[PDB]
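Participant: Here it is: the structure, laid out below.
Note: ideal-geometry Cβ built from the backbone for every residue, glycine included; neighbour counts use all protein chains shown. What follows is calculated from the coordinates using simple rules that are stated; it is not laboratory data.
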Amino acid sequence: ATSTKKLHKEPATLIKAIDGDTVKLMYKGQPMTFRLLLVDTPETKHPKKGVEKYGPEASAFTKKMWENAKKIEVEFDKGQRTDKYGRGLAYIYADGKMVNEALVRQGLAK
């Protein structure tokens, strides 16, 4: 049995809110930008492109959904640091539900 090293990280605060681009979290008293959240898997038998960017409302969840809904916190890192732009490595948890943002319709709105 291969023991997977899981880092028990603590939750952060609200400093910056963006649609998976750059969100600074209060870690050890210092803010750090982390953006790693991408999941696409529909409930249909054959998983073909899950939910897409429903809207920028996510940035608002950090206000009410952050204080009332399962807000952002850090758990584990991937080990890449840079995925899209290159700003820290961490997933933004919004109201305990991943906003899920990837691609636009089909090809940048065709």
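Participant: Of everything in segment 8-50 that's in a strand (DSSP E or B), aliphatic (A, V, I, L, M) and touching a residue at least 40 places away in the same chain (Cβ under 8 Å), which residue is surrounded by the most Cβ atoms within 10 Å (Cβ to Cβ)?
Facilitator: Ranking the candidates gives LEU25 first.
Participant: Check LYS63, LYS84, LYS78 and return the single one that is basic (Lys, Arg) and under 14 Å from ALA17 (Cα atoms).
Facilitator: Numbers: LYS84 fails: under 14 Å from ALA17 (Cα atoms); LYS78 fails: under 14 Å from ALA17 (Cα atoms).
Being basic (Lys, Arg) and under 14 Å from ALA17 (Cα atoms) holds for just one of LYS63, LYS84, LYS78, which is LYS63.
Participant: Still on this structure, I have one more. Of all the residues that make up segment 85-101, how many are closer than 17 Å to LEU25 by Cβ and exposed (fewer than 15 other Cβ atoms within 10 Å of the Cβ)? Walk me through it before giving the result.
Facilitator: Quick first cut of segment 85-101, residues closer than 17 Å to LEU25 by Cβ only: 85-96, 98-99.
Going one step further and asking which of them are exposed (fewer than 15 other Cβ atoms within 10 Å of the Cβ), we end up with 85-86, 96.
Matching residues across segment 85-101 total 3.
Participant: Would you mention how many residues in segment 58-79 are over 16 Å from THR13 (Cβ atoms) and either touching a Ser or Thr at 6+ places or on another chain (Cβ under 6 Å) or without any contact (Cβ under 8 Å) to a residue 12 or more places away in the chain (or both)?
Facilitator: So the answer is 1.
Participant: Here's another thing I want to ask about it. Looking at (1) out of contact with any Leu (no Cβ under 6 Å at 6 or more places or on another chain); (2) in a loop (DSSP other than H, G, I, E, B), which is the one condition that is false for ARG81?
Facilitator: Only one criterion in (1) out of contact with any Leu (no Cβ under 6 Å at 6 or more places or on another chain); (2) in a loop (DSSP other than H, G, I, E, B) is unmet by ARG81, namely (1).
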